[PDB]
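Here you'll find one protein chain in two forms, each presented separately as structure tokens under the names structure 1 and structure 2.
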Structure 1
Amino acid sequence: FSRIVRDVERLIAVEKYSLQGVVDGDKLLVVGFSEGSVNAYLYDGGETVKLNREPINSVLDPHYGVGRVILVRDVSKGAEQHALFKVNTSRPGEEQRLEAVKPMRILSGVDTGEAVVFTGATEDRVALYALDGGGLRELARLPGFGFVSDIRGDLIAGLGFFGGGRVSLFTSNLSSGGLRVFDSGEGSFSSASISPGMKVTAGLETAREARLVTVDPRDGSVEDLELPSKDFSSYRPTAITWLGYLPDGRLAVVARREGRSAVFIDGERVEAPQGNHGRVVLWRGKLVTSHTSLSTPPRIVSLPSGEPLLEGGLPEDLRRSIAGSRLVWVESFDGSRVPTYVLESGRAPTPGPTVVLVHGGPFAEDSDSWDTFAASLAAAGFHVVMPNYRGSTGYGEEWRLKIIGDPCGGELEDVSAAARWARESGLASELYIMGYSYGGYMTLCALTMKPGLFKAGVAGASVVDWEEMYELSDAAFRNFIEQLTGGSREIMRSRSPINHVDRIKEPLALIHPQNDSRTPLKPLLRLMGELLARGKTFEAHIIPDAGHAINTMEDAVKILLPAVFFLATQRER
């Protein structure tokens, strides 16, 4: 149990890096979890320089070479009312709060150098904003969650979840605002970057595949974009992770199939370490991306050698605790094949104690990408099954959109199918479920709707009640709940696990940050009252002065430690 603490601490503590851009002339801007919190750094080639003072949540996308960084930081103890802080790169550790922007949920943003352009959610709206030397301007109100993708000249390009789980492309004008929304009937836009010719290149993810298209923002004309090299189209990607024009005009694309990605410059394969990659930057005539895998914490590497620029290293005992990984295709209730990553623990027998670790989102995926939760479970003697239930990204629009209107429906059947597969295939001697956010909702749904499937469940930062949550949500989250539930009152009630507590037969652990503004604490307290009144076994841990986005080691530990303890305790019986 003290060994579990050491394992969880060191898994959280290992340095994790994400590539944000190039700044300060010719230096990497990198967001790193290092020295126990999320900070932003310049990487010159040798020593990193820390840009921020206190922990941050993120940084805005910098235009190449801009001489500043815009930090995004929660100023509300985890409720995700962020403020923006400017740091001049020549003077690291000196912060200027951008006081023209009232705290709000910052969803995204780019800094051109002249203007800081972002989307943000308040109680009454999601909006696209620009802050220049003249002051703050609302460029447009957006229908739902929206994200700035790119800016070139006065053209802004972004992606919008504006209905039915579909992603629209949007543009606006930096100088005079407005909104133009481009919707594909074939699928969803997944990344965007403005070409030198002032067209929007976008990934378009259709039924079971992904391709690149050009959108002219003047008329709504969409063509297929063909590249000089044909490696990209032959790769037959299912998803586009990211794309962007480099300063030399070449289009870089990270695309993926089956939970691993590949890098392309102007269509041509650039070799990269196995796993997943993030944005690709040009830096000192070398391609640089982020790399991660189930065995590799996020790190910065140079392509095509794959040599690390910035990486944290795991202790050898923790590396060994992960025996192997594999993708399997689990047949579900309608014969659909649920792509399921399996992390085999080198610290459990086969069959052995097995956790179905259910991903959040739901528009997210279990890929060959580092997962601290999964790693801590493998360290603690559990195999880990991570099913890409319908709703997941990475496997086509059709699979992703199947969740719409059907929470605690087919996706739960997929999660249950992976569970039964883990037993039937001989992997699991016993079964647990665990999840954070939409994953925690799945824990609650599994224990309420599928009693006896799992031995016990962990529900972290859970959706508990669509109805009460709606009442407490900001404009983005209200809209997203509308989308997920299809605007159906019956769905919001019947698919809320708080309404099926009497069905629970298994021990449940609840973990919840008190200031969560995504999945609020209030319905969780009501759930505890229901568990109590109905004589159900439950454990609960409420984390102080924290919300949904964990950005310190001590909060990461508070969230994960009790989950690992609980399951380890359950394994004694």
Structure 2
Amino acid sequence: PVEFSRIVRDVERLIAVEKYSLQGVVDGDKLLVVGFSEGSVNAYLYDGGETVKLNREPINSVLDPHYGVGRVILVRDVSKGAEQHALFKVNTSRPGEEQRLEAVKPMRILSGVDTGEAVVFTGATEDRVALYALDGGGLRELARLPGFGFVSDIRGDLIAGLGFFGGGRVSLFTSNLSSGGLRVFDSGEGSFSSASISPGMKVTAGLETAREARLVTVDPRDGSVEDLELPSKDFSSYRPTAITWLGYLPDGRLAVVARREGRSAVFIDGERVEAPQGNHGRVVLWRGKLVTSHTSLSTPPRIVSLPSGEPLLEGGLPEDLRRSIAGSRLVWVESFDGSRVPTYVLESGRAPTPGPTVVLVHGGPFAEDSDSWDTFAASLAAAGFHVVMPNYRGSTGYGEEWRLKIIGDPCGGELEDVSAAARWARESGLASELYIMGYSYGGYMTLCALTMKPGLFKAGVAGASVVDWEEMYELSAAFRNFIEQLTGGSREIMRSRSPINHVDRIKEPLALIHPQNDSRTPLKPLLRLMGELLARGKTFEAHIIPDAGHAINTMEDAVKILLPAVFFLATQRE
């Protein structure tokens, strides 16, 4: 019989576990870390096995400090739930004492850096998006931005950042601290992902293309772009597809974190440094040693030392639960047309082999299953399910060709990909029985699978799903454009690939989890689906929830959204 209170207890601990991000080095030589829990967030100084809390009430984030600055700028929402933020300064020698920066009116704070002398940030109001500089003599608007924009780095008087200024791409920009203004460097056929200013006052940037990422140097004096050449060739030989973060360390070396196939690697002046398998955040130099953040499908975000990978700060889980979440691995699953589908697998320590296995389908579809911490997948492992996470075609992270294969073919090839992953789990000896679970586009897939491939999965869970493309099309500007694109402008594809037109074929129990009042995934089509299921005597469960937030932060959110799915699946295990 299902141990319900165990599942809720575990889901509780996985939601509560503290999660850490590295922000920089301050106060001479202390780590600045932001720690997150149950969606609640604080700022800490770390040094030598101990933390000190800097803020009082929960915050939203902090600005990027320059190495060594004696203060930290907290960003905090001014109402509870509102886009308007205010800025609060804390001296690192007087933690817990906050001085509100009254010169900055509430607004949506998008990013920022604190040089120690000037606070430079981007913000959005009713009027505009702007770059601002706050110094001792008050607030100045350096520039108005033609879109959402983010400060990456300041060195001397030169400011660099990334802007979403049109054409579907991230462009690079620069400004001056003293004179302001804006210069935009267009990314051409790629997008800039990160930027840092060299001692030579060049902007080094990560340029992501259709295929392989490029490290480039951009001379801000003339807009010239050249591939950057590093003293060690490890980085180039790695052939990354994306660049997560880069920055110059105080001693002038360039730190870069790049990734491919859902895992990242750390490089210093092109030379690779050993790091724990997974994904890494920013790298800082601290008392002569290198420090980064780490996360994986089995490891909540934490701070590690390199190259040992020893944790400095990590949240606590009980011995019991840590052992439920075993290692993650990547496997390349072969699909119907021979194309290989990169699929992350998370093994449960609480399930034998072969054992119950969930194929957990990501939303988007323009998104990626990477080797990074996921409350959903971890909850499944804790409840005694292996989790299989396939990057079906349409996914990001593997080049433009793979992403664009979904166009005109929803519920076609990408379903074969998902189906091949399931097959792979059964025949590899991992799975004794197979389930499917997914949210948004993932829920659409779930319904797509149970209709077009009955007898493949034992049960399905569909969250925030879409049911009928044609009805959705006529009810939706932005989403109508998207639906047109995805279906190749074909009403025949809208109709044939809508699961509500094939309910008749479902042979397996289905669990629907849906928001009561969200215009993005509306409820009306789901009631029709439920009427159809009922009329045809199909087994189904439904949980309809008002006022769900689109991300699992708190225990409340988890209970509404995640818990019923895990319960349902545990009962299907009969």
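Between two forms, the rigid core is defined as the largest C-alpha subset superposing within 1.5 Å. Residue indices: 1-based, along structure 1.
No residue of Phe182, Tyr341, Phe264, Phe161 other than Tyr341 has its CA displaced by 2 Å or more between structure 1 and structure 2 when the core is superposed. With the core superposed, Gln483 shows a C-alpha displacement of at least 2 Å between structure 1 and structure 2. Once the rigid core is used as the reference frame, the Cα position of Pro228 differs between structure 1 and structure 2 by less than 2 Å. Superposition on the rigid core between structure 1 and structure 2 places the CA atom of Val66 less than 2 Å from its counterpart. For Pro387, the CA shift between structure 1 and structure 2 after superposing the rigid core equals 6.1 Å. For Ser332, the displacement of the CA atom between structure 1 and structure 2, after superposition on the rigid core, amounts to 10.2 Å. On core superposition, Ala79 has its C-alpha offset by 1.1 angstrom between structure 1 and structure 2.
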